[PDB]
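Residue numbers (PDB author numbering), protein chains in the order written: chain b, 102 to 151; chain T, 2 to 52, 59 to 260; chain O, 1 to 52, 61 to 260; chain U, 2 to 260. Even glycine gets a Cβ: it sits at the ideal position worked out from N, Cα and C. Quick notes on the structure that follows.
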Amino acid sequence: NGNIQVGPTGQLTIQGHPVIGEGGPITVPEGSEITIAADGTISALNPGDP
Amino acid sequence: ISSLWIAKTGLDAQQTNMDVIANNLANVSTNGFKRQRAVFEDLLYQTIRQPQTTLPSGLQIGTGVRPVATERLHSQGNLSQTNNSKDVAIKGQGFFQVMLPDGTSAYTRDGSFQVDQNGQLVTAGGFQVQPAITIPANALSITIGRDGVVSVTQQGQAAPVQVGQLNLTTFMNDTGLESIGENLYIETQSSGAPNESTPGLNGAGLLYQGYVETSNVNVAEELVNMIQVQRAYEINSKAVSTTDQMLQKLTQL
Amino acid sequence: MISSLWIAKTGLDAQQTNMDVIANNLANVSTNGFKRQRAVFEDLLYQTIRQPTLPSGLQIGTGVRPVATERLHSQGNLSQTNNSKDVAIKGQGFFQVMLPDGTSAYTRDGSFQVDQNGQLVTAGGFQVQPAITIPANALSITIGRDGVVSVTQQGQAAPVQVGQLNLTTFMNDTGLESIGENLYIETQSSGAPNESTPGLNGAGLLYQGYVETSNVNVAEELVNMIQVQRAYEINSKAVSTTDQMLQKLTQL
Amino acid sequence: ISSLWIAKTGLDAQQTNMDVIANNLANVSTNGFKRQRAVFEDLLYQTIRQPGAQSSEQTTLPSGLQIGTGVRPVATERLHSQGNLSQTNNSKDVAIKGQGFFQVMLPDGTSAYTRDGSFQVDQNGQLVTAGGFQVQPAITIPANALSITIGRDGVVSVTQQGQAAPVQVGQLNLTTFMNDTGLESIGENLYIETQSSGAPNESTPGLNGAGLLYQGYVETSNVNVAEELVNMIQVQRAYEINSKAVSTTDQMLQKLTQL
């Protein structure tokens, strides 16, 4: 079920369960425009940042 | 009798799906509106019996489905020109802040503002915009730039006089805002504490004067989803009918 | 009871009111001193379903509701009527007339006439409040940028000034209550009117022999009609599929 | 069995709702017609046993049996809003703005009040409504009348052959009520006073809350067909559901009596 959600503090939570990747389950910045690559890489762009 | 409850849950899930679809369709021409989609999930599974090459011979009965959440797509809608001098549209993220009569504060997205009798700028409905922008009388024109600065010119003035700034707030997780009626949202624990900033800085949006943000509702998606909802409802009713036939035959004999 | 029918009903009502205001705007496009209207909609209350730091909550909408209608108090174009007693306001302001009952009303459509007693009235019989009186044997009537109205007479060189056309201004133009015959009456939303001579305190100027037209953009109205027609049809389809679903359910 | 009675009450309520919807739809072309809406109310409830003791170290559900009885139609209210105006170019037709009712004289001797403005002239000159009921203020239009003009106020004038100045012939003052909804409706678009509506008060148009008169226009009915269609669908579905309930109760009773 690839329906990921972001909490207030920036945790990728699927139905209340944090997603697990290599080297720690998951963590994202506060409000970045999340972009997920074709292989799994999660690109992050701080809003307002160039 | 379990099948009856399972089919009842399925029918209720389809009913709520149709409800959100109808709500999306109804306010298709509401300024600054965001579509919603409902997500369902499975219930608990009863493990009746634990499990050369044959089938595992294990039993695991499901229970049904319930609606879990309704997510709003905080995307960017198209901009339509109203030619008014006091309509603003947001390019990017951010919410205007208004003061509720009881005392707390709410946050909105659409821009359609009027001027009260005392002169302050309020929304359509009488609620006051929080930074308290006051527009004096004998105002020849009003200008709201891409920044938060709002200026008014007067008779025989070489340069305009600034009469305030429209700072706007942002949230860490804008999906978690609880949406009370009347095109308003309130801060909840799911969303972060709001942080205010001038437009164009700290990740906020930009202000376009004379335009309004239309709803981002895709009608074709709604129609296809509606067809699927009707067909699934008709399929699920067949389960109830067949279970009724089984029970009637059992009671008869 | 069915949940989705009463939502599509509200949607249909909203689209109907939208079409109503569009038709009203289109109908009086040739009237003078008219301001177009826009209706603003909003959704109704939301019902929250309670579950046993959730990323989001379960909430269900109820429909849409028209909350208000505003008027764009911009400046329309001018048409030259070649008359000598028609005034067009350049800027912002409102002429004050007196209703027969005794109250005061405020208008913008300037096309005036002279009654049998010689005064200045608007088309309809209502007289202008400052009570301009033009005597008989009037060679010509001139109204300048200011409110001064002068009348020339035979055998005299110096024109005789008869009155001044003070116009009133409001804190909030959009708050004025509209009645028939292009007349507005003050409310609490619009501040108390203040008199002003033309060209002062932000009040507009006066042009004689010109009439202000309506600020209606027909090109926008046609596309709005297309949109409201399509939305009405889609909501109708939603009603129809709800009916089909309920009919399938009830024949069980 | 009480279930049949409850379902019968529900079916009757749905039938009455469909009746009022059909009545609203039928006279959608009637001039000065105010649409109706039926409001119901549930009957009493029989408490077989009162709730016992609870919330004592337990989270048990309250064990209280309170059976319903059904539903009855409690009222039918009309919405005295303002309808749209249609042009007829007939100089003897008056449309009314705001609130008010023209007062007509019923043949028996009493008086009724109406909104339908479309008047004609009898052989004697008196102004009557479509149906012969004379207007109570008794406006008489003389012969050889070039044209009849009724202003925004209630004054009615007629220009003669030679005289330049029009001659006043009467005033069409109109009545107002404290509660317009409580008027008792009869045929021919007539309302009669009741105890629910206060005593009528007559006044000239434009004063004391009275309306204004437009000559040559007719007020249209304030019926919204979009509401009516969805109401029809809803009442049909509710009727079908109640019929299903009746069928199920009948089947279970028939199963019982086969014992």
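8 Å Cβ cut-off: residues of chain O touching b:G108: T61 and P63
Neighbour flag for U:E229 against chain O, beta carbons, 7 Å: no
Exposure of O:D43, with buried meaning 16 or more beta-carbon neighbours within 10 Å: buried
Length of the line joining the Cα atoms of O:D13 and T:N85: 24 Å
Neighbouring residues, chain O, relative to T:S82 (Cβ below 7 Å): Chain O residues near T:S82: none, gap ~16 Å exceeds 7 Å.
T:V75 versus O:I68, O:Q235 and O:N190, residue with shortest Cα-Cα distance: O:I68
U:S197 classed as buried or exposed, judged by whether at least 16 other C-beta atoms fall within 10 angstroms: exposed
Per DSSP, the bridge partner or partners of O:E203: O:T176
Top-ranked residue by Cα proximity to T:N18, from T:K245, T:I242 and T:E229: T:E229
Whole-number beta carbon distance between T:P206 and residue 54 of chain T, since they are thought to touch under 8 Å: The structure shown gives no position for residue 54 of chain T: in chain T, residue numbering passes from 52 to 59 with nothing in between.
Cα-Cα separation, U:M106 to U:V21: 28 Å
Paired residues, beta bridge with O:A76 - DSSP: O:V40
Cβ contact check for the segment 115-135 of chain T and the segment 175-191 of chain T: 3 or more pairs under 8 Å: yes
First through last residue of the beta strand (DSSP E) which encompasses O:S82: Element bounds for O:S82: n/a, residue is neither H nor E.
Proximity of O:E78 and O:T221 at Cβ, strictly below 7 Å: no
Segments of 3+ residues assigned as beta strand (DSSP E) that fall wholly inside the segment 112-190 of chain U: 112-115, 120-122, 128-130, 148-151, 156-160, 168-172, 175-177 and 185-187
According to DSSP, residues forming a beta bridge with b:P119: b:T114
Contact set between T:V40 and chain b, taken where Cβ atoms lie within less than 7 Å: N104
CB contact check: U:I149 to chain O, cutoff 7 Å: no
Any C-beta of chain C under 7 Å from that of O:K256: The structure shown contains no chain C; its protein chains are b, T, O and U.
Cβ-Cβ separation, U:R36 to U:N180 (assumed contact under 8 Å), whole Å: Rounded, the Cβ-Cβ distance is 18 Å, inconsistent with contact.
Under 9 Å (Cβ pairs) to chain b, residues found in the segment 164-179 of chain T: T177, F178 and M179
Cβ-Cβ distance between T:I151 and T:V95 below 7 Å: yes
Beta carbon proximity, U:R36 to chain O, threshold 7 Å: no
For O:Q259, the three-state DSSP class (helix, strand or coil): coil
Member of T:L173, T:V159 and T:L213 whose CA lies at the smallest distance from the CA of O:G210: T:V159
Euclidean distance between Cα positions of T:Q88 and T:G217: 6 Å
Environment of U:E58 [buried if 16+ CB atoms lie within 10 Å]: exposed
Local conformation of U:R50 per DSSP, three classes: strand
Closest residue to U:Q124 among U:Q161, U:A113, U:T141 and U:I97 (Cα-Cα distance): U:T141
Segment limits, alpha helix (DSSP H) that includes O:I7: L5 to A27
Own chain partners of T:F103 with C-beta closer than 6 Å, once the 5 adjacent residues on each side are dropped: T115 and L175
Chain U contact residues for O:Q16, given Cβ-Cβ distances below 8 Å: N225 and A227
Short CB-CB distance (under 7 Å) between U:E241 and chain O: yes
Proximity to O:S148 [Cα-Cα], best of O:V136, O:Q137, O:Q162 and O:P138: O:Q162
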